[PDB]
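Single chain ahead, by itself, as structure tokens, in the form deposited in one PDB entry.
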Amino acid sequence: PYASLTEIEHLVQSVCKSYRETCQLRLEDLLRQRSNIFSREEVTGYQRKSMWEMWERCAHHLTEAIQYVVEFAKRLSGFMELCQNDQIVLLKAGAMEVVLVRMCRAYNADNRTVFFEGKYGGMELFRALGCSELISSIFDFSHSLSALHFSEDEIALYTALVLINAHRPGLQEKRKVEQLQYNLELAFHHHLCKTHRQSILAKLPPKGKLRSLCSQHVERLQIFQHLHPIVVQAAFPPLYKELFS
């Protein structure tokens, strides 16, 4: 339990630091690359790729993103003090949710494009995946977060809470995770109060929204795996399969 303001502010700076250290993509880099947009020729190229090649490429890049989220957790105060069961439960449920939130940084609301393999492209880039519902949902979600003008520090505190969620089924030290979650909640809300940003509280996504996105991801994978079981077995990252089946 964090009692003084100085303690709470120490948590804030600690969380923000752990975040900055474990982003794979610098905000500055993503912003200054925004003019670098796939041409119609390249978009057509993406649309002509097989469903299985596109899934493999997507599963690969997401897996790399997940690895940075694991590093983020390993650097988070409190997380490494939890038992290994609980560490795994939190990452299993939360890693993809954190990726989805971090993705808003790589999203340009001005033209509805996302950073993918070196350039920005709209959602039509992903048509070969055969999961437009999932894709447009992800895009709408990133759009909603972009409208809030999330700061880097807000992203750090919000993703720490996404991860440190005491309601995850299968936790052995529920009360310990609860205490960590509460301390992080005070840190997030203190920072918002300090920065006159508490108006974002009502505008943050409803809890089950992130869960809906991860469920859709799993559901689409299941269908893909049924169509291409050898591809998943032979060409999907081991970590990705472990997390998503």
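Here the rigid core means the biggest group of C-alpha atoms that line up within 1.5 Å when the two forms are laid on top of each other. Residue numbers here begin at 1 and follow the sequence given. Shifts are known only where both forms have a C-alpha.
There is another form of the same protein, the form deposited in another entry; it is not shown, and what comes next is about it.
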Residue 19 C-alpha relocation of at least 2 Å between the shown form and the other one, rigid core basis: no
C-alpha of residue 10 off by 2 Å or more between the shown form and the other one on rigid core: no
Note on residue 131-residue 231 C-alpha separation in the other form, which departs from the shown form by 3 angstroms or more: farther
Pairwise C-alpha change, residue 49 versus residue 231, in the other form against this form - closer or farther, 3 angstroms or more: farther
Rigid-core superposition between the shown form and the other one, with residue runs of at least 3 whose C-alphas all shift by 2 Å or more: 221-236
